[PDB]
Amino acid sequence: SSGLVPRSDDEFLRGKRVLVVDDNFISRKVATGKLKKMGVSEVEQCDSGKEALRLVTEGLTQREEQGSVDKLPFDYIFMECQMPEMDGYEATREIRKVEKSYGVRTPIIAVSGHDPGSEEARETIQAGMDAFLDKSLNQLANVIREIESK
């Protein structure tokens, strides 16, 4: 159902910027709606691993160039694991490589319709995801509090 990966709630994410990455238009609106109801300050949504990598790449650059107080363009990224073309593992890997250069690490939570198997669990770690969540997102608040202890 949900958990960490080794290396009322309506103000729960107030102050937060989130990116939702999901190839499925309906899933995607549901995710962003759920996040809005938790008081999220900005939700950004995109439909592909490549778009996500773009938005994070440009966001990091922009914040660096402006000397922004917050250097992360998103406090959390929810990343669909299985997507055509660049899946969420590969996107996460590329995000981690883009971030190296800034000395930052965005919390990236893998979203999946099923519990990972061996090989997906292995990809989850190698990619550098922080946590995993089933696509209902029921445990989203939980998982985000876990990440914040860490």
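Just count from 1 along the sequence shown to find any residue number.
Self-check item: Unresolved deposited residues lying between neighbours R7 and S8
Solution: Missing in between: 10 or more residues.
Quiz item: Taking only the CA atoms, which stretch has the higher mean B-factor in the record, 55-63 or 109-117?
Solution: Per the PDB entry, the higher value belongs to 109-117.
Quiz item: Per the entry, where is the mean C-alpha temperature factor higher: 94-102 or 33-41?
Solution: In the deposited entry, the stretch with the higher C-alpha B-factor mean is 33-41.
Quiz item: Between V21, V18, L140, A131, which one tops the list for C-alpha B-factor in the PDB entry?
Solution: Checking the PDB record, the top C-alpha B-factor among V21, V18, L140, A131 is at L140.
Practice problem: Give the position of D87 by CA B-factor within its chain, expressed as the lowest, middle or highest third. | Solution: Its C-alpha B-factor belongs to the lowest third of this chain's values.
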